[PDB]
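Quick setup: one chain, the form deposited without the RNA, written in structure tokens, and binding and motion questions come after.
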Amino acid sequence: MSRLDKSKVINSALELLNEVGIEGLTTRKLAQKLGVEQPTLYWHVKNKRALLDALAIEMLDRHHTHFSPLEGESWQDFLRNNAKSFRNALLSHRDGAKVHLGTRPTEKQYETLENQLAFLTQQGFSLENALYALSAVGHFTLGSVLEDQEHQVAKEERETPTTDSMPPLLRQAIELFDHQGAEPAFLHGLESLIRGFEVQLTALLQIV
């Protein structure tokens, strides 16, 4: 209970998560890793679900640090930096995005939602459009990360066809994604969404 300080159980869980993925993670494997009996760990942590909720929240604490607008930030810059920040959280551990999936939102998060809307609307968005914008940026980001993370968890047993059986376009696509990874695609898409809203908001009174 130094061994079982909340912050040490959290760190152990994170390291386990990286070792075995969300699949493998069990309260049992945590008990062995910490070197304690299962009922001792059960006093602190009821089940796999309660443990994930804590992992989800921790990841967001450490890394999702741009969750509100900086003093006189434009809404475009805010949306962009908030999406990047949320993404750094999801990526910070193996299966980050699945861990995040289905965990309840905390009270401070609701409050943050509220401010995020106050801000956007004070920049001239209708409430409808503010919600559509935060929603789209979030889906896009979440979707980016599940795919990227599904890769190296499917990397183990399955494999791709060899690079040289491919039709020639697909073959240049491999070269290209080899060189850049996935960050540039994410950034490009983020930037297209934000541009598309910009054309949206410039609509204001009429047709586009």
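Definition used throughout: the rigid core is the maximal C-alpha set that superposes within 1.5 Å between two forms. Each residue number is its position in the shown sequence, starting from 1.
Keep in mind that the form solved in complex with the RNA is missing from the display, and what follows is about it.
Here the marked residues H63, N81 and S85 all miss the RNA in the deposited complex; none has a heavy atom within 4.5 angstroms. The shortest heavy atom separation between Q172 and the RNA in the deposited complex exceeds 4.5 Å. Although the partner is absent here, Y42 lies within 4.5 Å of the RNA in the deposited complex, judged by heavy atoms. The RNA in the deposited complex comes within 4.5 Å of a heavy atom belonging to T26. At a distance threshold of 4.5 angstroms between non-hydrogen atoms, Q180 is out of contact with the RNA in the deposited complex.
Stretch 33-41 is the answer when you ask which of 53-61, 33-41, 141-149, 66-74 has residues with heavy atoms within 4.5 Å of the RNA in the deposited complex.
If you take 117-152 and check each residue for a heavy atom within 4.5 Å of the RNA in the deposited complex, you get nothing at all. The comparison between this form and the one not shown, aligned on the rigid core, picks out a single residue among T65, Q38, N47, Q152 whose CA moves by 2 Å or more, and that residue is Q152.
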